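Novice: give me a 3D structure for the following:
(chains A, B, C, D, E, F, G and H)
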Amino acid sequence: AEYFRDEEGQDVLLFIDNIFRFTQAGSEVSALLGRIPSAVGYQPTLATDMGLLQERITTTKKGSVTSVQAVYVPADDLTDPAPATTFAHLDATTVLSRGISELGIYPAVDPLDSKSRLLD
Amino acid sequence: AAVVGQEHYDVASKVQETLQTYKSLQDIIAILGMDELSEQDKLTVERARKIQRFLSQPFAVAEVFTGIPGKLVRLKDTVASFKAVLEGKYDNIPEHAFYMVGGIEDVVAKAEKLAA
Amino acid sequence: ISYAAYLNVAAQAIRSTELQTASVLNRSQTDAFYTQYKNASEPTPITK
Amino acid sequence: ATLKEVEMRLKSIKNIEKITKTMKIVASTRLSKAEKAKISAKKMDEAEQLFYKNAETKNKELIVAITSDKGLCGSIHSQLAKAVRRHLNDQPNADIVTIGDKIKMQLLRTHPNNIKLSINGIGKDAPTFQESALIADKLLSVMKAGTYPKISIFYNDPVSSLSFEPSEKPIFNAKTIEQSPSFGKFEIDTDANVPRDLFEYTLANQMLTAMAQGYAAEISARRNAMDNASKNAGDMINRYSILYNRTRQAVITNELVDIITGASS
Amino acid sequence: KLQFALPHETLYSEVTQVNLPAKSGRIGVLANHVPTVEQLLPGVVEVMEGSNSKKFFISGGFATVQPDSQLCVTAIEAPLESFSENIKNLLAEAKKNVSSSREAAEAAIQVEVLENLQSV
Amino acid sequence: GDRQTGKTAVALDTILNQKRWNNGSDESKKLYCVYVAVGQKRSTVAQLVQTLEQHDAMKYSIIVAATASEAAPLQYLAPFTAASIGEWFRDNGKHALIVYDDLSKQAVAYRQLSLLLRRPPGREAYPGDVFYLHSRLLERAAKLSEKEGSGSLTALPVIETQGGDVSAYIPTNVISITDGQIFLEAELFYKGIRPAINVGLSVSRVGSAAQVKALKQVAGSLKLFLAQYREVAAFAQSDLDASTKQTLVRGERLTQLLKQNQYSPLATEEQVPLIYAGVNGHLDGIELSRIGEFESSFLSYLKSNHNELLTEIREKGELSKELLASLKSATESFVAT
Amino acid sequence: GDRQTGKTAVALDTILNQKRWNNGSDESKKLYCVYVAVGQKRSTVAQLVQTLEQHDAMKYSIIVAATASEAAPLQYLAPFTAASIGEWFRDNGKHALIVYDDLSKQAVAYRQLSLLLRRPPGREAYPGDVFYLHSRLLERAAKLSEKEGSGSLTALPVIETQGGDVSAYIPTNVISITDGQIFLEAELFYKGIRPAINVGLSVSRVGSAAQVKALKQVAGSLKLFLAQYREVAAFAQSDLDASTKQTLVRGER
Amino acid sequence: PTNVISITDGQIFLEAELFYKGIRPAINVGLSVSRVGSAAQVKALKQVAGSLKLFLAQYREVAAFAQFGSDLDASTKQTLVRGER
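Specialist: Residues are numbered from 1 along each chain as shown, chains lettered A, B, ... in the order given. Structure as follows:
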């Protein structure tokens, strides 16, 4: 993405799949590296590792990457540290719903659950 | 009861029991209203709601922060005040009257204040 | 015997070509009881 | 434990939720039949009222009250009780006939002096002429209804399908029928004792209507109440769900700490 | 119009001719009738709307011609055909009941109903 | 599903049904099943072996066995070892079905190894890379491309829920890794609905993409009916709407119909008729006690009256309007008797 | 208060209002405000800077920065360093303010550092010296005595409660160290109260004296009145007395 | 607690809520068990207290039902009245 933005002067958009699996992957690498796991068994490098990922996605002068990420909420518990840390980085949420799709509406975006930082 | 005297102990026992009832039915109260309580219990609950509120008193070192002039109430006075309340001898005046005030006499006076 | 009670017994007899319905049968059968009272004091809940 | 004690309490709340949902729905079913009946009953009553209006009216008191035996029909029981108590001030010594256990309980408590007749086996049944007739017969014989120069009945008028306003009306004594402004525009027959008959006839016909109006309000109230119950239960589901979730995270962390401490050695 | 009604059911609730059995003997109402109050006795009733005639068995009630040509008939539980043969069987039982049998009044009513059936 | 609710029976049933196609000479109709008995006591595996021999299924069966006694390294490598066996069939372009039963015992063994090797412990005292282990095994199941020779290695892992905790670390991981679940429910099992599949908690994320066309046609309704029956189930608790009563009757009969005696498989050509009756509400007339009698009778009646119909269903694999017409007639006739 | 109730904005407004005070005369009337941004995206910080430069307020404020990108030890040292800068103003006798946004993110940073130093994990996996970390930071920033020239350095540390858990270890430890709370209620935030301040969970345990006398006289007992409003609407959800209704009409309004 | 419970031959559970309820001893009658059981109590006292356990257990069950509301049959209210005493 950075090659496109920085070195080809583009605005691009980079999708990420489960960012739960980003966390999950990170947790394993920590444990293998033998670091003491933190709360709810999540990497002690939890903050910094999300920080690196979520700080190269930014608005540069040249261009901007924008990233649509998928939050596969673990145990649907949004007060879990892994979703929470993700949500801290997130700016907007687009909340596709299956109910909405069942009302024949495609886009599937649930209007009452979609909220964005820029919407002020 | 041998220490604080039988009269105190009896008064305290009744306070504990009433409040414990109120806690027990705290669930039931939330699920269904007060008018769906048993009548005998509903009296206990109404009294207890008053007792609970009665327990608050302004504090004089908090007089700055709270903004309410504190009330120091005699031990002899305290036993009397609760004793009466348990016998419902002042149950007939607002719950607000009981809240954040000193002695029983003060509750009465605040009933007059509220009445205005 | 009260006039509407008089009419009532007649109505009950009246639920007996034939053409019978549940609402009629319910209108002629009741399990209700009436509890006399005095004073507080309660003479029994004699079947209505 | 926290974890299990949370989980079992949340389950209790779930079971409560399920019951309150179920009752509310079943109540709706029951309500439709009740409502249908009340229309037909009211039509009969209106014809009787047509006479009383055109005749005019111009009437101690009797108090009759109507509620169900059944409870949890909202605040029918105590709102009606409050309006009875208000009119028990008005005439102190009046004899209260309580048709239904729930109204029996509130009034009996407030003045046990007045309870002379009370009924039972009201709420379960839908009102029928049979009940009204027998109750009427007992009001006349037992309570000597004509002796009270006022008669008043209390019931719950079902204002809206989601509301109930407790309501009362005055039954006109046999004396009233006699001395009502018009009564001669209708051809009275001295041969018949039309006041003494009509009094009795409207004692029951009015009372049955009161029971019907009340019954519809009662079933409507239970539906309303049980709906609000489901909502209250829902709030508790959410509160204990959050507690469950917090407790769950804590268990994982606390367990993890024990393992780590051991590993460290 | 004519109001002919029961509590749980409601019929015709002035109609052409109504023939009524009353404590005043029998009363006939045809179009406008001068305004009366009459107690209806247990009855065989005819209601005619036009030339069409419908025949009713009535448990007694009250009759009131209103001045505005509203014949309010109110009665408990009625049909004539519904009342009929089973009733003939009942009448035998009812005679037995009259032997034993307020119970006196009940038995009097049973005799009245037996008569009322003979009218059918 | 929940611990020892005869989970192994549900799986074993699938293996038996593969006999029907397997016997068939077309090798695009031959799934050579592999049962991977993990942590199962030798007595249990003896019963398995015996059941397989009894139903003469030991000719498309391989049973990789790591019994309870067998050492924790053997238990650890047991699904992995099994997977390699699957690869030969898959590589040969053949088809096969490998049933890893149960990965919960695979987990315990890895836990034992890691902890004993003093490798860093992790959540729920399960190895840190347990996600990685389970994913490696579960990703070997594959439907090959035609360039790499169309073959497959269908897999159906069986997971033991530790009393119903589907939030537990080993269950949650596995649920994520796989695509689809069939969730047997203990209450149903005890209440005698065997198979005890909880329809609500069963999902397939591939689902109808593979399904006999005929069987798809007559079973869209079935899913929806059961959905209604579940919702209106609790409404049995009185004053019952006519609408609710219609749902209840149709739904109760459907639920009764989907009961099936374990270790008895059925053919698609006999699945399709039974469901047709239920969908068309023919069974509504039949009383609950007589549903069972109806089922076998309907099948025999269909075979006698028109095994032509059955054979058409079998070979055509798609219900034609003419078949649905004829079938309805046959059902009406059967319902009458 | 609760995460992303635009938590930052509540504090930002405090900084903005002091423009009139700061553009005054007398060093006592001037406040010099330091905004410590710990654990915030560079983008978020860039918006803050631009916001401050939009309200032309940049000239009276410092930003000390330890963005999300910046390394975990830098984040650990980030509040302390900022507080040193603040003490220079304070010990110049001048009044000041420091808003530490968010010390909850400092906690996560110290957690990382501690764990990576393999010091035994503490309660809730937050290191055992976490109380010391916050307390040493917090009790610096003060209104000094006349001897010290009546310095001031007001402190507003911005704590991010996880799901509004006010019993949570990091929040409770902070609550006990600090005085007063300005709990930003999520329910109210959703229900359009901006600023959403639940007066029940907001206290100031040393605040009343600080207020100018006018705003003590005029506002007298309004806290009580609106903690009668909470009660009033508590039991609003039997017989509502006319008194209760009057309170409700005033309270809601 | 787990270790000790296994080792010991009875449990005499007390309960804080019942303490507040004013039952002193606050023995939680349902959780309290004696796995060495009756053959240690006075023979007389065994005879009299024969169904006392059953009654109390029934009281507990009835009480739970009673708090889910609704009018209870008279037989149940005999239990309730006895139970209270």
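
Novice: going forward, measure contacts between C-alpha atoms and count neighbours the same way
Specialist: Will do.

Novice: for residue F:205, give me its contacts.
Specialist: The neighbours of residue F:205, taking Cα atoms under 8 Å, 6 or more residues apart in numbering or on different chains as the test, are F:179, F:180.

Novice: doesn't it lie inside a strand?
Specialist: No - counting by DSSP: H, G, I helix; E, B strand; the rest coil, residue F:205 is not part of a strand but coil.

Novice: for it, give its distance to residue F:175.
Specialist: 12 Å (Cα to Cα, to the nearest Å).

Novice: state which helix of chain E is the longest.
Specialist: Scanning chain E for the longest helix, with DSSP state H as the assignment, gives helix E:103-119.

Novice: is that helix anywhere near chain D?
Specialist: No - figure legend: helix E:103-119 not in contact with chain D (Cα under 8 Å from any Cα of the partner chain); closest approach 13.2 Å.

Novice: do stretch C:3-18 as well
Specialist: Yes - applying Cα under 8 Å from any Cα, one finds stretch C:3-18 touching chain D at C:3, C:4, C:5, C:8.

Novice: look up phi and psi at the first one.
Specialist: Okay, so that is residue C:3. phi -60, psi -40 (degrees, to the nearest 10).

Novice: am I right that it is in contact with residue D:193?
Specialist: No - here residue C:3 does not reach residue D:193: they are 10.4 Å apart, not a contact under Cα atoms under 8 Å.

Novice: between the two, who's got more neighbours?
Specialist: It is residue C:3, of residue C:3 and residue D:193, that has more neighbours when counted by other Cα atoms under 10 Å in any protein chain shown, with 19 against 13.

Novice: who in chain A is up against chain D?
Specialist: Counting by Cα under 8 Å from any Cα, chain A sits next to chain D at A:36, A:38, A:39, A:40, A:41, A:77, A:79, A:80.

Novice: repeat that for 7 Å
Specialist: With Cα under 7 Å from any Cα of the partner chain as the criterion, chain A meets chain D at residues A:39, A:40, A:77, A:80.

Novice: nearest to chain F, of those?
Specialist: Nearest to chain F among the residues of chain A next to chain D is residue A:40, at 7.9 Å by Cα to the nearest Cα.

Novice: next, count neighbours for that closest one.
Specialist: Quick note: residue A:40 (other Cα under 10 Å) scores 21 neighbours.

Novice: excluding chain neighbours, what is closest to it?
Specialist: Closest residue to residue A:40 apart from its sequence neighbours, by Cα to Cα, 6 or more residues apart in numbering or on different chains: residue D:253 at 5.2 Å.

Novice: how deep is the one you found tucked in, by neighbour count?
Specialist: Around residue D:253 there are 21 residues (other Cα under 10 Å).

Novice: now do the same contact list for it.
Specialist: A:39, A:40, G:124 (Cα atoms under 7 Å, 6 or more residues apart in numbering or on different chains).

Novice: hang on, the earlier thing: secondary structure for the residues of chain A next to chain D - can I get that in JSON lines?
Specialist: Below are the residues of chain A next to chain D laid out as JSON lines (three-state DSSP):
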{"residue": "A:39", "secondary structure": "helix"}
{"residue": "A:40", "secondary structure": "helix"}
{"residue": "A:77", "secondary structure": "coil"}
{"residue": "A:80", "secondary structure": "coil"}
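
Novice: which of those residues sits closest to chain C?
Specialist: For the residues of chain A next to chain D, the nearest to chain C is residue A:77 (54.7 Å; Cα to the nearest Cα).

Novice: now the helices for chain C?
Specialist: C:3-14, C:22-26.

Novice: cool, chain F as well?
Specialist: Going by DSSP H, chain F shows helices at F:7-23, F:42-54, F:72-91, F:103-116, F:130-138, F:169-177, F:186-190, F:213-217, F:220-231, F:242-257, F:268-279, F:289-305, F:307-316, F:321-336.

Novice: ok, chain A next?
Specialist: In chain A, the helices defined using DSSP H lie at A:2-8, A:20-33, A:46-53, A:81-89, A:98-101.

Novice: would JSON lines of the ones you listed with distance to chain G and mean neighbour count be doable?
Specialist: Formatted as JSON lines, these follow (distance: least, Cα to the nearest Cα, whole Å; neighbours: other Cα atoms under 10 Å in any protein chain shown):
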{"stretch": "helix A:2-8", "distance to chain G": "16", "mean neighbour count": "14"}
{"stretch": "helix A:20-33", "distance to chain G": "11", "mean neighbour count": "17"}
{"stretch": "helix A:46-53", "distance to chain G": "5", "mean neighbour count": "19"}
{"stretch": "helix A:81-89", "distance to chain G": "8", "mean neighbour count": "18"}
{"stretch": "helix A:98-101", "distance to chain G": "23", "mean neighbour count": "14"}
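
Novice: between those, which one is closest to residue H:16.
Specialist: The minimum distance between residue H:16 and those falls on helix A:81-89, with 35.2 Å, by Cα to Cα.

Novice: just the angle between that closest one and helix A:20-33, please?
Specialist: 120 degrees (axes from the mean of the first three to the mean of the last three Cα atoms, to 10 degrees).

Novice: helices or strands next to helix A:81-89 in the packing?
Specialist: If contacts are counted by 3 or more Cα pairs under 7 Å, 6 or more residues apart in numbering or on different chains; DSSP states H and E, helix A:81-89 sits against no helix or strand.

Novice: with just CA atoms, put that helix into PDB.
Specialist: The C-alpha coordinates for helix A:81-89 follow below in PDB (Å, rounded to 0.1, in the frame of the first residue of the first chain):
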ATOM      1  CA  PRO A  81      -9.200  -6.300  25.600                       C
ATOM      2  CA  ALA A  82      -8.600  -7.400  22.000                       C
ATOM      3  CA  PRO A  83     -11.800  -5.700  20.500                       C
ATOM      4  CA  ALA A  84     -11.300  -2.700  22.800                       C
ATOM      5  CA  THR A  85      -7.700  -2.100  21.600                       C
ATOM      6  CA  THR A  86      -8.900  -2.500  18.000                       C
ATOM      7  CA  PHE A  87     -11.800  -0.100  18.600                       C
ATOM      8  CA  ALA A  88      -9.400   2.500  20.000                       C
ATOM      9  CA  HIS A  89      -7.600   2.500  16.700                       C
END
